[PDB]
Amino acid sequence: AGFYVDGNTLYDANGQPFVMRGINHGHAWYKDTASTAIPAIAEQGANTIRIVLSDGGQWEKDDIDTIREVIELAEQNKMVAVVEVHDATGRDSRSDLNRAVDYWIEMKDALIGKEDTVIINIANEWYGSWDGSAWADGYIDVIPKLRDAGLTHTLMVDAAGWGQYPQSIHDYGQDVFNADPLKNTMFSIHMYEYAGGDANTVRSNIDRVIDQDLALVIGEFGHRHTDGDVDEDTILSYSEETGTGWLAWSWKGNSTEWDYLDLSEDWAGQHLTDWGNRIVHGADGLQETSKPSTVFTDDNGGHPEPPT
């Protein structure tokens, strides 16, 4: 137990398809907020929270006791935790990837035993360049190291191109998957203006992964704003049509010029923004479509208990 991937479907530990419907939380930048943000996100109906961690590369490192704390908060609030290291974002450097891999191995004791509730997203947006082969080489190399260190979680691998070059997955995703000796790896696309700018683009980018029988989440995405087009309506409707997961960016704490992407005015989620209301209450949003992982209800799938 726990998560596993078969074709384009992610299954929870009870064999039930699990379609992520949730929210990114920039924990690494606002470490003290966990015990507030995590329940608030759960209160919006998210079944999954993606937790931004730092290995010390660009921000303050999240230590092993912090990792245990956020996992426990996610579990207590009945959300799947997608944990991710954010410091190699946009880096081609294998060294920067290796620091993220070493971090997961370092923190393994916080992760082993939580394979039914935690999914490891190896590195946010590793490999900034617009190609697939060198991106694939990185994961082919490091995935076996994660396995041999004893991590049996479903692994999640971001597309190249800062998450916006999904052709990387279309072309080399199978090669990456095949290098996992546990055959338990899924992929993620980040849909902003390059990978999610219109309906056609959203649908083609999804199809090019899932039609390869590879499992997918839209692990970050935004929305249309003055500066730019992102088609959040098609991300939500087409994800619901296809059983593709998605995780909106982000609960709170964007820089000033990107604060149109904050879902909530407050850490405690009492005052959603227009964007928050679209994600939570709007068409195909969390309230309409999010179902909890069945691991969080311990009823043994309706088994009748013997009479006493």
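Residue numbers run from 1 along the displayed sequence.
Averaged over their C-alpha atoms, the temperature factors of 93-101 and 171-179 are higher for 171-179.
Relative to its counterpart among 218-226 and 79-87, 218-226 has the higher mean temperature factor, C-alpha atoms as listed in the PDB entry. Which of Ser133, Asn124, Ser188, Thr117 has the largest Cα B-factor in the deposited entry comes down to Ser133.
Placement of the Cα temperature factor of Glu193 within the chain: highest third of the modelled residues, per the deposited record. Remark: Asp148 belongs to the middle third of its chain, ranked by C-alpha B-factor as recorded. In this PDB entry, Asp274 carries a Cα temperature factor that places it within the middle third of its chain's modelled residues. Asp213 sits in the highest third of its chain by CA B factor, as recorded in the PDB entry. In the deposited entry, the Cα temperature factor of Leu73 places it in the lowest third of its chain's modelled residues.
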